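Take a look at the structure below.
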Amino acid sequence: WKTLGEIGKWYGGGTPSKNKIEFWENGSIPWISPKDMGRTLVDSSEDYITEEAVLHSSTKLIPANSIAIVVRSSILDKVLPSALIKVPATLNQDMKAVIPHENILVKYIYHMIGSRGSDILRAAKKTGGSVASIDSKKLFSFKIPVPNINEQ
Amino acid sequence: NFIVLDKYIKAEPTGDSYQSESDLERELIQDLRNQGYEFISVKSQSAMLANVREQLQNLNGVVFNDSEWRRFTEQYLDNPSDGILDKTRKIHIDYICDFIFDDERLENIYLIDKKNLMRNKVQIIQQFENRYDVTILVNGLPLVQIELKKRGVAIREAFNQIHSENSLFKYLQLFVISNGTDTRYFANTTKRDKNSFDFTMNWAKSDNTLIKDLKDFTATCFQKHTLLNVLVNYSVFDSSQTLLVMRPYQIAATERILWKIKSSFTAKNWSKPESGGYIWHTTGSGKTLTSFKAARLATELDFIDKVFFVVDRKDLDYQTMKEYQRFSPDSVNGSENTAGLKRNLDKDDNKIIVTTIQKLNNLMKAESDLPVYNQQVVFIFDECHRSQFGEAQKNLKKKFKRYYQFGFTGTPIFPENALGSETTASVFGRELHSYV
Amino acid sequence: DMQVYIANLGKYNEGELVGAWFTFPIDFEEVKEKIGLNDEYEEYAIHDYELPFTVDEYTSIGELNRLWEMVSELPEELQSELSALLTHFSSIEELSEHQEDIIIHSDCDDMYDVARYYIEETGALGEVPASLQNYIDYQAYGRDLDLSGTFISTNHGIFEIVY
């Protein structure tokens with residue numbers, strides 16, 4: 001029984017300004033917004049944001065086998081999005097990315113969260129009736145089955 | 001020259017035994033007409049308003065018809081929808097009406113001329129239509145109400161006895177209560193226990209010589225410049241709202257300060273240890289109020305450019321600033337740093353600057369020949385030369401020259417209590433005015 | 001810049017009061033030898049300061065060095081408006097507990113633009129038809145976002161304390 005995030009240190013987010021033209025106009029990092037989300041096997045994004053723009057982004061460069069997951073107001077009614085992301089990308093405040101580590105297969109985390117979506121929409125369900133949603137705590141503090149290695 | 005007197009004038013009884021209520025009225029009218037006043041006869045209410053549209057003519061130099069006087073009477077001067085508080089505000093804050101003529105030009109009708117106050121014409125009237133009343137009526141408006149009593153009505157119960165039409169008697173700022181042997185004065189605060197004779201004021205001479213009778217009180221205070229300065233330049237309409245009148249020793253110390261400035265500027269003096277001076281008013285004073293009137297009358301005095309009321313911070317730059325924001329409109333922060341204090345030295349029209357001495361030393365030990373040097377600058381300290389001879393002061397004697405360095409002390413370091421620092425022998429020079 | 005004027009408990013009469021400026025971190029002994037003593041160890045009279053927050057005149061210097069770590073930990077847009085965040089929180093430690101919850105709108109400057117961001121950019125309520133896109137009230141939705149959550153307005157952008 002594994003608490004979430006103990007599989008691997010997941011990362012928060014990060015966003016530049018939109019008044020900064022040189023940090024938004026060009027570049028090559030996939031800038032993942034939640035309107036790009038809802039898709040599976042994400043290879044690129046709508047915005048190819050600047051590689052210099054990480055200077056004022058608070059974003060973290062994530063590896064090429066990660067999972068992307070939103071935390072802002074698509075849920076409280078329905079099933080949460082979840083994506084295999086294949087490129088090192090950066091995402092805004094409106095979502096998060098999880099990277100696993102060494103105990104697993106990454107598709108098992110992906111489909112385990114996809115299976116447990118019907119309960120982790122409930123796990124930190126309300127958190128007020130605002131735009132706010134499932135927090136870091138009860139998203140983080142859920143325990144999942146992790147079996148013997150060959151049955152991943 | 002001054003307002004609070006230095007010489008004891010001759011006080012003699014001219015009885016007229018003070019068990020009456022009419023002989024002291026006659027004596028008071030005689031003394032005021034000896035002091036060059038004008039007694040008219042208005043046994044009515046409307047003709048008093050007819051006096052206003054003639055005495056205000058000399059003060060403003062322009063001519064109303066009846067039709068403009070309708071507008072000026074009902075919209076500005078004699079609003080029925082106003083009481084005592086807004087009318088007092090009209091006396092002290094909004095004393096100018098931007099009036100539109102029937103010839104269609106905007107001209108500024110004054111009420112009390114505050115710059116050159118010799119033009120402000122006074123008159124005297126008495127009661128008409130309660131008790132007995134004499135009224136000094138300035139420029140058509142009734143301002144000072146002398147109310148007279150007898151010896152059987154003691155000074156404590158003198159106020160305690162009695163506290164549209166008429167609405168014109170809501171311009172009264174003072175109520176000089178007297179009987180024939182004691183005389184007290186105050187402003188529009190009418191509580192029983194608290195606003196008794198303790199909150200009212202004994203007018204006095206310079207140091208301690210209190211005044212009780214009428215004839216000496218009339219010879220001292222009811223001069224034109226003296227009583228008009230007590231009405232105008234030395235009363236604060238606090239935004240409580242409450243009118244506050246200064247103590248006579250406060251006014252005397254302020255006058256010595258400002259006349260020292262006026263006599264030092266005309267003889268090209270600055271940076272001298274005799275060009276300064278210091279005040280000892282210990283406590284129970286409202287040193288905030290005295291320092292505020294000193295700084296505020298310094299700012300308009302046109303000889304200077306900057307006034308630094310500057311203390312040492314132990315929650316004082318939040319406290320006294322809160323006091324000066326109580327005297328509502330204008331005082332510039334020295335908060336919060338030596339970056340923006342320079343912006344305050346750039347700005348003007350609100351020339352009172354309240355900073356700490358530590359931010360001043362942080363400015364003066366660096367920042368390379370500030371451009372606010374050559375201007376005439378008045379310092380008002382606290383913990384003055386009778387409390388320190390500090391390293392900031394010798395930094396100041398190094399850098400600045402065109403300064404008038406005054407200060408206040410709570411307990412002076414005399415030779416009698418010289419345990420802490422030196423005396424005042426080469427910093428502020430002479431003592432100016434004290435109270436104990 | 002983020003400094004104090006800390007001397008001295010000796011000389012209560014403060015005759016030529018001393019002790020000018022000390023940035024962070026602070027030694028006890030270096031300041032004590034800078035300002036002297038009153039033949040014993042009673043010092044750190046915090047008279048004047050220049051800090052983004054408020055501190056009392058009896059605070060130990062170790063608490064100042066404790067607070068300086070958490071103040072210097074934060075980014076500059078937080079450090080520019082620490083009192084504005086203190087208008088909702090109560091301490092720098094409590095701010096350090098929730099230092100990632102605060103969302104910063106550098107782009108948005110008023111509640112109309114905050115509503116326009118949440119609707120047009122994010123699509124928090126759903127898709128926006130283009131013929132509907134002009135006929136959407138933003139002021140009433142901005143007032144209800146104000147009365148639902150907790151928004152604070154500063155010079156730079158809008159700080160949003162989320163739960």
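Residues are referred to by chain and number: the chain letter is A, B, ... according to the order shown in the structure tokens, the number counts from 1 in that chain, and ligands are numbered separately from 1 in the order shown.
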> In chain A, what's helix (DSSP H, G or I) per DSSP? Answer as a PyMOL selection string?
Replying inline: chain A and resi 52-56+106-115+117-123+136-140+149-151
> residue 36 of chain C: which residues within 10 Å, counting only C-alpha atoms, same-chain residues fewer than 4 positions away excluded, as a list in words?
Replying inline: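 Here the qualifying residues turn out to be residues 7, 8, 10, 18, 19, 29, 30, 31, 32, 40, 41 and 43 of chain C.
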Go ahead and write the selection's residues with N, CA, C and O atoms as an mmCIF file, in the first residue's frame.
data_model
loop_
_atom_site.group_PDB
_atom_site.id
_atom_site.type_symbol
_atom_site.label_atom_id
_atom_site.label_comp_id
_atom_site.auth_asym_id
_atom_site.auth_seq_id
_atom_site.Cartn_x
_atom_site.Cartn_y
_atom_site.Cartn_z
ATOM 1 N N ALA C 7 20.797 49.894 19.561
ATOM 2 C CA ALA C 7 21.539 50.269 20.764
ATOM 3 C C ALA C 7 20.818 51.421 21.452
ATOM 4 O O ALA C 7 20.258 52.274 20.757
ATOM 5 N N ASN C 8 20.803 51.494 22.786
ATOM 6 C CA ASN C 8 21.234 50.478 23.755
ATOM 7 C C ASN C 8 20.343 50.567 24.989
ATOM 8 O O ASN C 8 19.786 51.625 25.276
ATOM 9 N N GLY C 10 21.475 50.251 28.054
ATOM 10 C CA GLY C 10 22.215 51.235 28.818
ATOM 11 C C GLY C 10 22.020 52.627 28.252
ATOM 12 O O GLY C 10 21.673 52.789 27.073
ATOM 13 N N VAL C 18 23.965 55.669 20.630
ATOM 14 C CA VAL C 18 24.883 55.098 19.650
ATOM 15 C C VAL C 18 24.220 53.949 18.908
ATOM 16 O O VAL C 18 23.039 53.655 19.123
ATOM 17 N N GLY C 19 24.950 53.358 17.966
ATOM 18 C CA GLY C 19 24.626 52.065 17.393
ATOM 19 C C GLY C 19 23.854 52.185 16.102
ATOM 20 O O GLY C 19 22.622 52.256 16.141
ATOM 21 N N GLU C 29 28.335 39.604 19.484
ATOM 22 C CA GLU C 29 29.581 40.191 19.956
ATOM 23 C C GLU C 29 30.059 41.337 19.078
ATOM 24 O O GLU C 29 30.623 42.302 19.601
ATOM 25 N N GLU C 30 29.842 41.257 17.762
ATOM 26 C CA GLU C 30 30.265 42.340 16.878
ATOM 27 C C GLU C 30 29.461 43.609 17.135
ATOM 28 O O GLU C 30 30.032 44.701 17.223
ATOM 29 N N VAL C 31 28.145 43.472 17.306
ATOM 30 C CA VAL C 31 27.308 44.618 17.652
ATOM 31 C C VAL C 31 27.640 45.120 19.050
ATOM 32 O O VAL C 31 27.692 46.334 19.288
ATOM 33 N N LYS C 32 27.911 44.198 19.985
ATOM 34 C CA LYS C 32 28.207 44.587 21.362
ATOM 35 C C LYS C 32 29.515 45.363 21.454
ATOM 36 O O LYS C 32 29.614 46.337 22.206
ATOM 37 N N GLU C 40 27.404 45.607 31.918
ATOM 38 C CA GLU C 40 26.774 44.293 31.871
ATOM 39 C C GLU C 40 26.158 44.090 30.490
ATOM 40 O O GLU C 40 26.254 44.950 29.608
ATOM 41 N N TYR C 41 25.517 42.936 30.308
ATOM 42 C CA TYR C 41 24.959 42.533 29.017
ATOM 43 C C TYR C 41 23.453 42.787 29.031
ATOM 44 O O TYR C 41 22.658 41.905 29.361
ATOM 45 N N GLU C 43 21.261 44.842 26.016
ATOM 46 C CA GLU C 43 21.448 45.542 24.749
ATOM 47 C C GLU C 43 20.241 45.264 23.864
ATOM 48 O O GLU C 43 19.191 44.831 24.354
#
>> Report as a PyMOL selection string all protein, DNA and RNA residues lying within 10 Å of residue 1 of chain C, evaluated on only C-alpha atoms, omitting residues in the same chain fewer than 3 positions from it.
In response: (chain B and resi 337-339) or (chain C and resi 4+21-24+49-52)
Same residues, N, CA and C atoms, saved as an mmCIF file, in the first residue's frame:
data_model
loop_
_atom_site.group_PDB
_atom_site.id
_atom_site.type_symbol
_atom_site.label_atom_id
_atom_site.label_comp_id
_atom_site.auth_asym_id
_atom_site.auth_seq_id
_atom_site.Cartn_x
_atom_site.Cartn_y
_atom_site.Cartn_z
ATOM 1 N N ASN B 337 11.913 55.299 4.942
ATOM 2 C CA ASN B 337 13.278 54.970 4.557
ATOM 3 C C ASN B 337 13.981 56.215 4.050
ATOM 4 N N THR B 338 15.284 56.079 3.830
ATOM 5 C CA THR B 338 16.042 57.112 3.130
ATOM 6 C C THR B 338 16.066 56.869 1.622
ATOM 7 N N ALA B 339 14.896 56.528 1.083
ATOM 8 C CA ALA B 339 14.692 56.445 -0.362
ATOM 9 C C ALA B 339 13.190 56.678 -0.557
ATOM 10 N N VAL C 4 18.475 47.593 11.003
ATOM 11 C CA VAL C 4 17.985 48.088 12.286
ATOM 12 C C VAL C 4 18.982 49.075 12.884
ATOM 13 N N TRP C 21 23.859 50.770 12.240
ATOM 14 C CA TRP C 21 23.173 49.987 11.222
ATOM 15 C C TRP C 21 23.806 48.612 11.143
ATOM 16 N N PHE C 22 22.961 47.589 11.096
ATOM 17 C CA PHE C 22 23.416 46.208 11.039
ATOM 18 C C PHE C 22 22.470 45.439 10.140
ATOM 19 N N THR C 23 22.978 44.964 9.012
ATOM 20 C CA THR C 23 22.191 44.115 8.133
ATOM 21 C C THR C 23 22.212 42.683 8.665
ATOM 22 N N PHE C 24 21.663 41.766 7.903
ATOM 23 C CA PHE C 24 21.559 40.407 8.388
ATOM 24 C C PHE C 24 22.571 39.504 7.688
ATOM 25 N N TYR C 49 14.091 50.935 12.549
ATOM 26 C CA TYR C 49 14.345 49.811 11.669
ATOM 27 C C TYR C 49 13.911 50.177 10.262
ATOM 28 N N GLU C 50 14.152 49.243 9.354
ATOM 29 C CA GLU C 50 13.686 49.338 7.979
ATOM 30 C C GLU C 50 13.521 47.897 7.517
ATOM 31 N N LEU C 51 12.286 47.417 7.563
ATOM 32 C CA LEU C 51 11.933 46.030 7.328
ATOM 33 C C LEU C 51 10.615 46.004 6.571
ATOM 34 N N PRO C 52 10.347 44.943 5.805
ATOM 35 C CA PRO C 52 9.031 44.832 5.157
ATOM 36 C C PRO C 52 7.895 44.527 6.116
#
> Mind listing as a ChimeraX atom specification which residues of chain A are within 7 Å of chain C, counting only C-alpha atoms?
Replying inline: /A:17-19,73,127,130,132
>> Between atom CA of residue 429 of chain B and atom CA of residue 274 of chain B, what distance in Å does the model show, to one decimal?
In response: 4.7 Å
>> DSSP on the backbone, strand (DSSP E) only: what residues of chain C does that give? Format it as a PyMOL selection string.
In response: chain C and resi 3-6+46-50+102-105+151-153+158-161
Do a neighbour search on residue 212 of chain B at 6 Å with only C-alpha atoms, toss out local chain neighbours closer than 3 positions, and write the hits as a PDB file with N, CA and C atoms, in the first residue's frame.
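Once written, selection-v6.pdb looks like this:
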ATOM      1  N   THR B 181     -14.979  89.463  39.220  1.00  0.00           N
ATOM      2  CA  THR B 181     -13.696  89.212  39.859  1.00  0.00           C
ATOM      3  C   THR B 181     -12.895  88.076  39.241  1.00  0.00           C
ATOM      4  N   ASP B 182     -13.527  87.107  38.581  1.00  0.00           N
ATOM      5  CA  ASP B 182     -12.812  86.055  37.877  1.00  0.00           C
ATOM      6  C   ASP B 182     -13.330  86.004  36.448  1.00  0.00           C
ATOM      7  N   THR B 183     -12.462  85.599  35.523  1.00  0.00           N
ATOM      8  CA  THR B 183     -12.791  85.607  34.102  1.00  0.00           C
ATOM      9  C   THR B 183     -12.177  84.389  33.435  1.00  0.00           C
TER      10      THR B 183
END
> atom CA of residue 68 of chain A and atom CA of residue 88 of chain A are how many Å apart?
Replying inline: 11.4 Å
Taking only C-alpha atoms into account, what are the residues of chain C at most 8 Å from chain B, put as a CSV table (one decimal) with C-alpha atoms, in the first residue's frame?
chain,number,residue,atom,x,y,z
C,5,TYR,CA,19.3,50.7,14.7
C,13,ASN,CA,18.8,59.0,29.2
C,14,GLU,CA,20.4,58.3,25.8
C,15,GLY,CA,23.1,60.9,26.1
C,16,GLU,CA,24.8,60.6,22.7
C,17,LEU,CA,22.9,57.5,21.8
C,20,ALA,CA,23.9,52.7,13.8
C,46,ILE,CA,15.4,48.3,18.7
C,47,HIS,CA,14.7,51.9,18.2
C,48,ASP,CA,14.5,52.4,14.4
C,50,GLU,CA,13.7,49.3,8.0
C,57,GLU,CA,11.3,47.2,20.5
> Quick one: residues within 10 Å of residue 48 of chain A, only C-alpha atoms counted, chain neighbours fewer than 2 positions away excluded, as a PyMOL selection string?
Replying inline: chain A and resi 24-32+44-46+50-51+89-90
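Rounded to one decimal, atom CA of residue 60 of chain A and atom CA of residue 10 of chain A lie 10.4 Å from each other.
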> If we count only C-alpha atoms, what is near residue 137 of chain C at a cut-off of 12 Å, once residues fewer than 6 positions away on the same chain are taken out, given as a ChimeraX atom specification?
Replying inline: /C:112,115-116,119,143-144
> Hey, what's within 10 Å of residue 134 of chain A if we count only C-alpha atoms and toss same-chain stuff fewer than 4 positions away? As a ChimeraX atom specification, please?
Replying inline: /A:70-73,75-76,120-128,138-140 /C:163
> For residue 114 of chain A, which of A:13, A:87, A:40, A:47 is the closest residue, counting only C-alpha atoms?
Replying inline: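 Distance minimum relative to residue 114 of chain A lands on A:40.
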